[PDB]
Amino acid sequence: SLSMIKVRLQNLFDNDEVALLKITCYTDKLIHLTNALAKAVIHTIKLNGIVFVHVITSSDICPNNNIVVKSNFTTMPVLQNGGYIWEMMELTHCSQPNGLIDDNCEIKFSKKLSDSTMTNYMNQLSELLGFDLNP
């Protein structure tokens, strides 16, 4: 009853920096996870061993954080402490969802903010980076 997804990512401020996000969830929740990620901005925070992955989605259903059974975040190179925003380059559904995964990050789902200050921030950032964060 478990499914596994891996998402390949590249840093919008430095395309040489890449990351892999692996998530396991119950198969009946998989559709909510993929729909959420399809309409999502990916923002991460790192302070030493503590890593937070923010999935900020414009999907109709923003899933509950409890749909994640395990999550792993690995980067190349190893990143300095700080905050990051990522482009999703690839999404893969994996055979053998029960395989080993080192649980080393916390996933936080939230809804995109309709507030005009945040909208203006996301639109100007989109123009700076040449990538539409608010399509």
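Heads up: residue numbers just count along the shown sequence, starting at 1.
Which of the two stretches, 112 to 120 or 18 to 26, shows the higher mean Cα temperature factor in the record? Result of the comparison: 112 to 120.
So, looking at the entry's B-factor column for Cα atoms, which has the higher mean, 32 to 40 or 76 to 84? On average, C-alpha B-factors are higher across 32 to 40.
Determine, from the deposited record, the chain-internal third of the Cα B-factor for residue 61: lowest, middle or highest. Ranked within chain, residue 61 CA B lands in the highest tercile.
In terms of the chain's CA B-factor thirds, is residue 91 lowest, middle or highest? Within its chain, residue 91 is a lowest-third residue by C-alpha B-factor, going by the deposited values.
Can you tell me whether residue 7 has a C-alpha B-factor in the lowest, middle or highest third compared with the other modelled residues of the same chain? Lowest third, going by the recorded CA B-factors of the chain.
Name the third of the chain's ranked CA B-factors that contains residue 69, choosing lowest, middle or highest. CA B-factor rank for residue 69: middle third.
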